[PDB]
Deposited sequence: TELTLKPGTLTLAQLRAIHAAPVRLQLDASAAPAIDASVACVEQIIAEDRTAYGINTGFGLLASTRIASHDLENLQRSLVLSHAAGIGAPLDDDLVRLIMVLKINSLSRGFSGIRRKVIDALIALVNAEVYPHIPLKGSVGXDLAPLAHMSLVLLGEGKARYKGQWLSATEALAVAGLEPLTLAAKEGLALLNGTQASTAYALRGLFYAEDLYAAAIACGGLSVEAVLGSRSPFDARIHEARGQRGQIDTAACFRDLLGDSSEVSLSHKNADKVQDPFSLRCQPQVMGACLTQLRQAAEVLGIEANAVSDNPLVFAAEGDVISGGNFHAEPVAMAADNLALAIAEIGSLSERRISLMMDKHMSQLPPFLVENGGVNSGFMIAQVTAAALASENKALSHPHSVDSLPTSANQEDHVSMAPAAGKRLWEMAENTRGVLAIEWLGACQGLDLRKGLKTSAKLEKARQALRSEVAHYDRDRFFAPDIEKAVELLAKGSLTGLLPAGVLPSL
């Protein structure tokens, strides 16, 4: 995707796109005035020998002292090098790309006083698919990971190109660049910000959305497999409750399931008995999850466009002002919010899987297999989904409620947003595994309703799975089937069945 960026206008769908695939971008011409005017403001402050904290000062001792030009420029390098104190596994290229593009976006709104040539250097890196090494951990919400990113601009650190590490000099050259020397305020402009926190949480959101869409299809397949009712999805019920997420959710189920199917019709009377809550309360539970992820997405969509460095430059007035927009508290709470939705999607699916194993509730053979006296069928796959569901409870513990003082008590409250966002990725693997197993069981259960078909989109879901995994006729090595189902989910195999305009970025 080619992108002419109007800074501060990225949509959640564009962000998903940046996250999913390489991008080519350039700044809209309308961005230049504010970018160049905040640089001219910094330039005028220096020209006039005025002192301004975080523009031409030192820190602490010198926080009110106009440093000489010479140490001022050395100070920028010294900040990046000293702040690149992150540790842990390298981020994958997708996430690095996302962080570069959010930083470009934020800087390009023109409140940061950073030269357009430096923004364009980062854009050249993105366009060249050259991605700085950024370690996963260290930020308390994003000095360290942003410093690592910034190292390459200076000819330090290292960067990935076509899946291999290159020296920074080598990587710059790939992008048509040479090492840059930073000017006043540019160290802080690059290092202060919330882009890593935001990127981590956006990834969590996109995964949550992916999982939501898959769960509507899987949940529909399970309803059908156990001869459940469509009545709990009646629009009147959801309208009477009033919750928008549940209303939109029920509408999605109706779209996928339709009014009836050959399976539903062939069991003429399927009401005479009530469906368990893991089926019948899908609109209420999945709806709550949808609301939760929409709340998170509203906050993260705003933050992807935020001016998050410090101090900020207000060239129209001539003012430079020290604030706290680098504090990623709203991102950390958004991430903790997504944790509850990813957890509960998985919880509800696991109880559906357990329903399908139980001969007294499924109207299917025990554990979905013929001749169970000597075949175990799906028994231990349900165990695995139980393990994955359970792990999500502890993982749900919020990180936004913790803080430790830093910078000898000057930076005395912090957000822990990076940790909040990154735990979502594993929570999503857990839930993805649970749904993979649910997908496999419901298709197996429907297969046992010999020759009968479910609805048009749900047959698409059965066919997607059966292209890779066969019916379970008798015990065989189980895990490869789960691996295959998970990979299908990871690739978005079921996402397209969900109606449009339901999920924030879809």
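Asks: Take the full deposited sequence, match it to the modelled residues, and report the stretches without C-alphas.
Replies: Gaps in the modelled chain, taken against the deposited sequence, amount to a single one at 142.
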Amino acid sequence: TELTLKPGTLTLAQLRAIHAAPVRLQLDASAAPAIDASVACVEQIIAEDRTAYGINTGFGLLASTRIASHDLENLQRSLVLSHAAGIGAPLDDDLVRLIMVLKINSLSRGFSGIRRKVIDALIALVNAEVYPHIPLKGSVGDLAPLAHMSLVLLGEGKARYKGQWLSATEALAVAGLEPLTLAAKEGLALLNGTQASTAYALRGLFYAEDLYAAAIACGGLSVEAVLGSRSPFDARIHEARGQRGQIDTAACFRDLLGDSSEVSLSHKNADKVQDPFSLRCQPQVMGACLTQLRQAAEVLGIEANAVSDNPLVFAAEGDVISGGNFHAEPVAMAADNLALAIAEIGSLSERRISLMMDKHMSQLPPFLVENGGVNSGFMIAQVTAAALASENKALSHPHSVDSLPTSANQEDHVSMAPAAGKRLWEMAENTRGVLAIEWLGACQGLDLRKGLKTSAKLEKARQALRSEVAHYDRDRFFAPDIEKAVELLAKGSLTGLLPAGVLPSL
From here on, numbers count along this sequence of modelled residues.
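Asks: Should the higher mean CA B-factor in the entry be assigned to 210 to 218 or to 268 to 276?
Replies: Result: 268 to 276.
Asks: Averaging only over Cα atoms, indicate whether 428 to 436 or 85 to 93 has the higher B-factor in the PDB entry.
Replies: Result: 85 to 93.
Asks: Taking the values straight from the PDB record, which of 105, 195, 139, 291 has the highest C-alpha temperature factor?
Replies: Reading the PDB entry, the winner on C-alpha B-factor is 105.
Asks: From the list 284, 261, 74, 400, select the residue with the highest C-alpha B factor recorded in the entry.
Replies: Spelled out: the listed residue with the top C-alpha B-factor is 74.
Asks: Which third of the chain holds residue 163 when residues are ordered by C-alpha B factor: lowest, middle or highest?
Replies: Highest third.
Asks: Residue 322's Cα B-factor: lowest, middle or highest third of the chain?
Replies: It falls in the top third of the chain.
Asks: Relative to the other modelled residues in the chain, which third contains the C-alpha temperature factor of residue 498: lowest, middle or highest?
Replies: Within its chain, residue 498 is a lowest-third residue by C-alpha B-factor, going by the deposited values.
Asks: Which third of the chain holds residue 69 when residues are ordered by C-alpha B factor: lowest, middle or highest?
Replies: Highest third - that is where residue 69 ends up once the chain's C-alpha B-factors are sorted.
Asks: Just say lowest, middle or highest third for the CA B-factor of residue 113 relative to the other modelled residues in its chain.
Replies: It belongs to the middle third of the chain when residues are ordered by C-alpha B-factor.
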